[PDB]
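Letters A, B, ... are given to chains in the order of the sequence lines, protein chains preceding strands, and every chain is numbered from 1.
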Protein chains: 4
Amino acid sequence: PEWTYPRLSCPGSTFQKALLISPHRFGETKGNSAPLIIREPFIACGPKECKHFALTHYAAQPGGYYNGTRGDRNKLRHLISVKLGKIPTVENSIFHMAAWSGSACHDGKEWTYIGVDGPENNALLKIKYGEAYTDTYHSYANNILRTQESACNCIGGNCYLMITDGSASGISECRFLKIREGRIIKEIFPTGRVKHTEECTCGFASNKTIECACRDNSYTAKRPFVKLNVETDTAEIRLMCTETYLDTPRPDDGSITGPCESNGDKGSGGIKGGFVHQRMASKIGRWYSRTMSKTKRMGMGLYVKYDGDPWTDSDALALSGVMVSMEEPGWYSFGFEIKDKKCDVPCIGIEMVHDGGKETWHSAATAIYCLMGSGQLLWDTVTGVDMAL
Amino acid sequence: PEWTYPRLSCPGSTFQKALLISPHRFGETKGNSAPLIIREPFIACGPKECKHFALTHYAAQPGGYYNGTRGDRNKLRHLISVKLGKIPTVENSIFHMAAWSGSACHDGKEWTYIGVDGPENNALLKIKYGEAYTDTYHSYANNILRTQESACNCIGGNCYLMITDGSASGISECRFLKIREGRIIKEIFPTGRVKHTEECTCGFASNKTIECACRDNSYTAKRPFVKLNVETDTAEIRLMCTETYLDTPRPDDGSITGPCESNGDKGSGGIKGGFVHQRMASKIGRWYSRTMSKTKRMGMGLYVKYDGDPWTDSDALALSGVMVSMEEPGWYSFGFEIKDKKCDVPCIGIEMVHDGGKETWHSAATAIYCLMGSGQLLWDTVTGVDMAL
Amino acid sequence: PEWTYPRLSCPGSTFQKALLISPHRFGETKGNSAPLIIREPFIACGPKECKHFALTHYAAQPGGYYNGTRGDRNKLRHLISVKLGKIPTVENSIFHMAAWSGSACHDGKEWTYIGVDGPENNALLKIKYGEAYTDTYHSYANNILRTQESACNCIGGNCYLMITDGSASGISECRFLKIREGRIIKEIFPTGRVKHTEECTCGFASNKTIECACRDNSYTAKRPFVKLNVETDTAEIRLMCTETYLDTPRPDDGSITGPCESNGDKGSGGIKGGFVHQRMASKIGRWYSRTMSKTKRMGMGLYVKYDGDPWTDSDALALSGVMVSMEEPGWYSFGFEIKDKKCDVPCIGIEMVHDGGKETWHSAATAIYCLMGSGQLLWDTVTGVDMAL
Amino acid sequence: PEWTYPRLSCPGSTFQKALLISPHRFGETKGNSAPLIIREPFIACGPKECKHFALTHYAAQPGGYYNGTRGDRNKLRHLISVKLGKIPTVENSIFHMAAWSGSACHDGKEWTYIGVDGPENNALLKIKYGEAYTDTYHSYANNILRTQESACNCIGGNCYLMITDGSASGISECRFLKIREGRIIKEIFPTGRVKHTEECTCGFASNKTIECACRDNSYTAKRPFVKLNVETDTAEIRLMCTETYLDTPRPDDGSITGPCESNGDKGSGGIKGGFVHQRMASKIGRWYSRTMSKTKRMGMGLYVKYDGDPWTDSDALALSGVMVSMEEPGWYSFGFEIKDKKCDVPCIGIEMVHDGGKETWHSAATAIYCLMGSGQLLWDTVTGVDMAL
Ligand SMILES: CCC(CC)O[C@@H]1C=C(C(=O)O)C[C@H](N)[C@H]1NC(C)=O
Ligand SMILES: CCC(CC)O[C@@H]1C=C(C(=O)O)C[C@H](N)[C@H]1NC(C)=O
Ligand SMILES: CCC(CC)O[C@@H]1C=C(C(=O)O)C[C@H](N)[C@H]1NC(C)=O
Ligand SMILES: CCC(CC)O[C@@H]1C=C(C(=O)O)C[C@H](N)[C@H]1NC(C)=O
Ligand SMILES: *[C@@H]1O[C@H](CO)[C@@H](O)[C@H](O)[C@H]1NC(C)=O
Ligand SMILES: *[C@@H]1O[C@H](CO)[C@@H](O)[C@H](O)[C@H]1NC(C)=O
Ligand SMILES: *[C@@H]1O[C@H](CO)[C@@H](O)[C@H](O)[C@H]1NC(C)=O
Ligand SMILES: *[C@@H]1O[C@H](CO)[C@@H](O)[C@H](O)[C@H]1NC(C)=O
Ligand SMILES: [Ca+2]
Ligand SMILES: [Ca+2]
Ligand SMILES: [Ca+2]
Ligand SMILES: [Ca+2]
Ligand SMILES: [Y+3]
């Protein structure tokens, strides 16, 4: 085997509904299954297999450790995986490492797994290459060192990973790590709008450039948009100029007055957002998702734009279809690419959390839409789950 | 590995009882298992493995989502598989894609999986090659785009698949897709009796010809019998002329008066029907199955005829044996071929549904009969399942 | 890969306790597991893997299909397997074929699986090579066609299998089948004492000879002892002359008066009995087991004799150790050989049935003793199972 | 494949928290899982996989055989394994052999599994190579023949294994076995302080030397420290001279007066103790663990020393971090090494037993710390388990 590289995307002009992973369809009192209580799911693929990752609270439904599964960082939290298509239950899953923030990626030869844990004021990112623990990176703003919550991206054996550190309601200047066979070989300090950037959903815009659509949890409902040159290992960041604000909460589209850099209103709070690339011979499509509701983690819609500079185009994004209706949950979303024989298939997954407050369990299903065929996005996704069962 | 082709069938002159997959033997209140609630089971094999496919309601027994498992098309429905011989439970199964109509096939190199979902008036057939979503085909009569509910058939890397679209009580003109590495490369429009054809059970009658025995749900209890030339990609369809009507409901054998094309009576309603080929040096056997009851989905008998043209022979089909007695359920049946070292073993599977009305769960067992040895078919199959447990 | 042959056994002069497979340790009401209800367990090994076979009633503990699991031949009965060392539960097992009597063996290249089902008066032995159903053999005395209930034996790709047919309290003249790549290529009709022989535990005494220790259920408590020449495909059968009667029930050792052929008393009833070969350069050891009790299926002892002719030696068999004490069940026992890198390891397995009458469940554990090291057999085996749980 | 040898350790200067295997997070009355009741866990790795071993009581939680799971040696006890990262439940585990004391190791080509069972006064160590039972070694001081309770160590296909025999409150002179392809090829009788030595945690200090840190249960709270030359097959043993006594119970550090050989006080009782090597070009680090409490099996601290002779250095060991706080259980600990592509990753596992007295169940979680990155050990481990559930 040899190193993997981004290829031209597979033919198609529309996303369609692909697969639902709803493991809680199986966590009834009256049932006999043990789906793991998770959140922050995400898929990463290699040349032969696609793995469905998530952060588990080390509990199952039905269980007796529902208390604290609405929290985020504890000492029991773990990065787990199953082959995509398998229900992530206690026995099906494999536990990779302790983590309350995670990522993973295949480089053609082997899986890199990333997972941050540690105290809040001195957390610690850890890297595992296949079976071996290989490296770590230390907290630099001493306020909750975090990572992508989605797939990292490897080119010629170099995996690139966003990490961030800083306040949730103040400065969270992010960084990128360059990782080779599990070991950190460069710190890349981005330039530009670096005020606050977290949970980058990165993908290859081409062999030269990784682009990421991130979360600002303090200042704006515009997504910070990262452009990384993987040949000079240089990174720049500016807000997305589009009127189609992709964060949640957000104000009305086009209502943020001023040039492309204006913050301005409803910018505190946020949400991880889907983003994936469709690479064609002489054209690039940028697919995105955002909640159907402006203030709440309900529904998910798919948007798209072809070419241009996202840093300057105020043009509205083309609404492509309703993936999760306003009546269903749509929490985190993320991009990934399945590898066909000679081309890459761009997909967007959606974390569809089952939220009943802190007095019960708290987990998520996963909805997957992929680029397949021509025409219009046809069907929405439901979890099917009743949380009283 | 190289592409697969139909071979001469293994020696034998009789079917025998081979295997029972009854996963609800294990879904008792008192038990500790989770068989998946399914219907439309079907088996397809490649050179080293036979996979047992079904359409699941994304529910298990015992569970709490029995309501709606007597329906057919919903947003939770999925194509699932296990290795044939494994009980399809929550953890053993792999979920392939969202589907309320399905098919699958191996071409020598890889698995093609076919699944239709979407709204009733604009459904959408989707194709997955191994792990990648590769292609789609759109609704053309805007009334419930359907596929085979059984194995597709690949020759020299070209998989051929029946699709139909149309009213259940009127015109449902079918089509064939020719699929190569997961992508559609030709639409084949059949000629002749094309009034209504659905759920074709197709097999290779040879290296030149796919033949299918199908359902007409409107007009006749004679099966539409499709002959597809895979060298010119041309398809012709006519009713089976035999007095041994294979659909359900049906009238008395021989009682449909007139030439081979006469409809005539009890033609509305139907059932998917077993059919598999026994290819000998200079002789072809055609094995079929049909319910033991004339109006109900009870029992299943095996029939056979050697040579001739099914389009013209009114000759009764030879009753070969009672596979499932009149006292047991016999719903859908389908054909498939296991690959021995140097020859192909023709088999017929039987969907044996556990029907207790819409106020309880609704799933199926799977009975398998294969061509093995000489003599007379010896033993019938029972599910052993009591639905009250 | 190439065909397998018997080799010289591994160094050692004593059996020791190896492994217990007691799946019902896990079938409590208060538990969350589903061990399969079985009987007639047996192990067969190939060059990389040892498989643990059993006949299942298609039920689990805890379940609701306990009624009829004390019977033997029904329509739900199946041959199942797990990798030796795995608990045979619903999900771990693979179902091979419908069978109420079975056997299996590896030939170096692939698994042959044998299973008889069918009506009592016209049962049917079926053969499956890997995934394919390949051949069948018909009932010849129209009274319960049966097979070994243990591993068949393959040499240079020819697997040899005892089958019997006939009354349980009268004549049951056995036969041997010679099987190549799943197909029957010769019927071998044994000569000599052929009055009644069933459940042969066969092994290779060398490259030229298969020997079997069998059950007579009518006439004697001496084991019929089969010697098969695999070079001329000829079989001969005579009672075992030893005073150490291996059947159950049996009279006192040495109390059957007359020459080696005398029946005489307590001969009706019987039990399948362990037997395995230790092949050394210029010496052959014959290891056997028999119940600790003379009339009941309680306890199991290991016996041994080096060289001689079992057909003529009235010498007592050397008592080698107590494998299951008189307080624990010892039902069927069987021999098998694990393959080390350059030598074969002879083993004896013991079916330890959990019997509580027909008003509850009826299954078995499996105790394994193998040839390992020097000295005296050290420890006995218990199921650990309380049947009220 | 070829034989494996100790390599230079991977870069790093600190241990960090890696993974928690807490299978009882899933053994609630309210749940639907079956973790196995175990103790004496330990990990051993080969070139592609790390296996998590334990000694099971052949019972699960929840279940009905909690009585006797606080004992140690019974006839049901087994050596079991899962792939490290998998929860050891009934179905995930593989049962290797009956054992109430165990070890295992990869040699580059295959797994050796070691397991002692038998009566107290004539126990029996058994060896299995892959699938085959290959050899045994007999009790020599007729008082509980014991082995390491952790990974053996293979160099050039020779696996070396500590065994001990003797009273728990008197003389237990240990021995080493040298095992090749599952067969014993040399007995090594150590010299020096051989009064009492059990449960050696051995690793390669280099290509020439295995070193072990062991338990004296009678005489001292200093660990016996074994140095084995694998080129001349000679072993020597002396107390560790450090003031940082690693056993439990123990007195105050430095308070044992006299030279390096002084016993003296609180020496009865003991605990198996973590110990792993960090091999650098021209420097060796020795990492150890010991309970946070002086008398109780509570907490676990990581210690380290670079170079010197542990037989003579009274220097205090460097306290490196708190792995399990005083509030959590810290029973047995052990060392092991994961294999990265070109270097070995030293790790220390911690048995974190759930002890509620003999009137309830008794099993353990497993905490893993590995050498990864630079800086200070950052986070402690908790089981998360409430034993009332
Ligand atoms: C750390 C700040 C960040 C934004 C508030 O918290 C995230 C919000 C979450 C959320 O908004 O869904 C869930 C994440 N588990 C959480 N992250 C971590 C690493 O704990
Ligand atoms: C669309 C009508 C058609 C036959 C009239 O429905 C089928 C009948 C069924 C049946 O005849 O058993 C069950 C099938 N699950 C169903 N098909 C779909 C695709 O939903
Ligand atoms: C045909 C009778 C014969 C001996 C009495 O049968 C065996 C007896 C049995 C027994 O004595 O345990 C159990 C076996 N399952 C049984 N075989 C069948 C095929 O039913
Ligand atoms: C035999 C003496 C030894 C030290 C007292 O006992 C050990 C005590 C234990 C303990 O002290 O944790 C657990 C061990 N499972 C047990 N050993 C065996 C091999 O059965
Ligand atoms: C990227 O580079 C590799 C060669 O290194 C090439 O095979 C691949 O086609 C290129 N990808 C794109 C998207 O051009
Ligand atoms: C079909 O063609 C292939 C060669 O392409 C051949 O190997 C096979 O035997 C043929 N099958 C039949 C049924 O004639
Ligand atoms: C049996 O024959 C084969 C060669 O065909 C040989 O390799 C093997 O050692 C022989 N077995 C015995 C037990 O002599
Ligand atoms: C040990 O020896 C082998 C060669 O046999 C070598 O490859 C390896 O690097 C050596 N290990 C150390 C720690 O020096
Ligand atoms: Ca925001
Ligand atoms: Ca009809
Ligand atoms: Ca008898
Ligand atoms: Ca001590
Ligand atoms: Y399970």
Side-chain angles (χ1 to χ4, degrees), chain A residues 10-14 16 340-343 345 371-375, chain B residues 2-6 44 97 99 101-116 118 122-130 132-142 145-166 172-194 197-207 209-214 224-238 277:
Chain A
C10 298
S13 42
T14 187
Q16 300 285 10
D340 200 357
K341 279 200 93 101
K342 288 172 290 142
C343 54
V345 168
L371 196 75
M372 56 202 288
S374 199
Chain B
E2 289 304 312
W3 304 121
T4 180
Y5 297 78
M97 80 191 85
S101 182
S103 181
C105 49
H106 199 100
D107 52 8
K109 296 191 190 173
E110 175 72 287
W111 288 94
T112 302
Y113 314 94
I114 285 97
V116 181
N122 203 9
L124 175 83
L125 178 134
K126 309 187 298 300
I127 304 156
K128 183 175 163 271
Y129 197 59
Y133 301 86
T134 49
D135 210 343
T136 77
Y137 192 89
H138 296 269
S139 186
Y140 60 90
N142 303 104
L145 183 65
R146 265 113 73 209
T147 189
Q148 278 167 50
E149 259 60 76
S150 54
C152 31
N153 292 266
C154 314
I155 182 159
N158 304 313
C159 306
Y160 285 91
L161 169 84
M162 178 247 55
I163 61 173
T164 214
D165 210 338
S172 279
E173 196 168 3
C174 85
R175 258 162 220 201
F176 280 87
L177 301 191
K178 175 181 182 184
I179 304 166
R180 192 175 181 79
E181 280 154 338
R183 292 194 168 72
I184 297 165
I185 61 166
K186 199 178 302 180
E187 293 162 303
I188 304 173
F189 312 101
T191 68
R193 203 274 182 184
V194 293
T197 319
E198 73 182 80
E199 304 181 329
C200 292
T201 307
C202 305
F204 290 103
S206 67
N207 262 326
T209 309
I210 284 173
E211 292 182 317
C212 313
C214 321
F225 192 94
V226 191
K227 288 181 194 181
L228 206 168
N229 182 315
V230 306
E231 285 170 6
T232 67
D233 293 331
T234 51
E236 201 183 334
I237 310 185
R238 328 241 162 211
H277 291 107

What heavy-atom pair brings [X] and [Y] nearest, and what distance separates the two atoms?
X	Y	answer
B:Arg183	A:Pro11	NH2-CD, 3.9 Å
B:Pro224	B:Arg193	CG-NH1, 4.1 Å
B:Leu145	B:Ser139	CD2-N, 3.7 Å
B:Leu177	B:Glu187	CD2-CG, 4.5 Å
B:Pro190	B:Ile237	CB-CD1, 3.6 Å
B:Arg180	B:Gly156	NH1-O, 2.8 Å

Could you tell me whether the side chain of [Y] reaches within less than 4.5 Å of the side chain of [X], counting heavy atoms only?
X	Y	value
B:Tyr129	B:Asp107	yes
A:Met372	B:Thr134	no
B:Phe189	B:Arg175	yes
B:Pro6	B:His277	no
B:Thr136	A:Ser374	no
B:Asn158	B:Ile185	yes
B:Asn122	B:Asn142	yes
B:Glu149	B:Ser101	yes

Taking [X] for the side chain and [Y] for the main chain, is one N or O donor matched with an acceptor at less than 3.5 Å?
X	Y	answer
B:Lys128	B:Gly130	yes
B:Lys126	B:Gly115	yes
B:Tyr160	B:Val230	yes
B:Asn153	B:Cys202	yes
B:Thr197	B:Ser172	no
B:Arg146	B:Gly166	yes
B:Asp135	B:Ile184	yes
B:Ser103	B:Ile114	no

According to salt bridge (charged side-chain N to carboxylate O under 4.0 Å, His left out), who are the partners of B:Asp165, at least two apart in sequence or on a separate chain?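 Expected list: none.
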
Which of parallel (below 30°), tilted (30 to 60°) and perpendicular (above 60°) describes B:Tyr137 and B:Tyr140?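 Aromatic pair B:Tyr137/B:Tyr140 classed perpendicular.
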
So among B:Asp233, B:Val226, B:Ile163, which one has a side-chain contact (heavy atoms from CB on, under 4.5 Å) with B:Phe176?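 So the option named by the test is B:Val226.
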
Can you confirm whether the side chains of A:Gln16 and B:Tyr133 place a donor and an acceptor under 3.5 Å from each other?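 No, because no side-chain N or O of A:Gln16 sits under 3.5 Å from a partner of the opposite role on B:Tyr133.
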
I'd like to know if B:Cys105 pairs up with B:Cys152 as a disulfide, counting it only when the SG to SG distance is below 2.5 Å.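 Yes, the SG atoms sit under 2.5 Å apart.
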
Distance, nearest 0.5 Å, that separates [atom1] of [X] from [atom2] of [Y]:
X	Y	atom1	atom2	value
B:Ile179	B:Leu161	CD1	CG	5.0 Å
B:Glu231	B:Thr209	CD	OG1	8.0 Å
B:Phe225	B:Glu236	CZ	CD	11.5 Å
B:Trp111	B:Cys154	CH2	SG	9.5 Å

List the residues meeting disulfide bond (SG atoms under 2.5 Å apart) with B:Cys174, not counting sequence neighbours, and say none if there are none.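 Expected list: none.
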
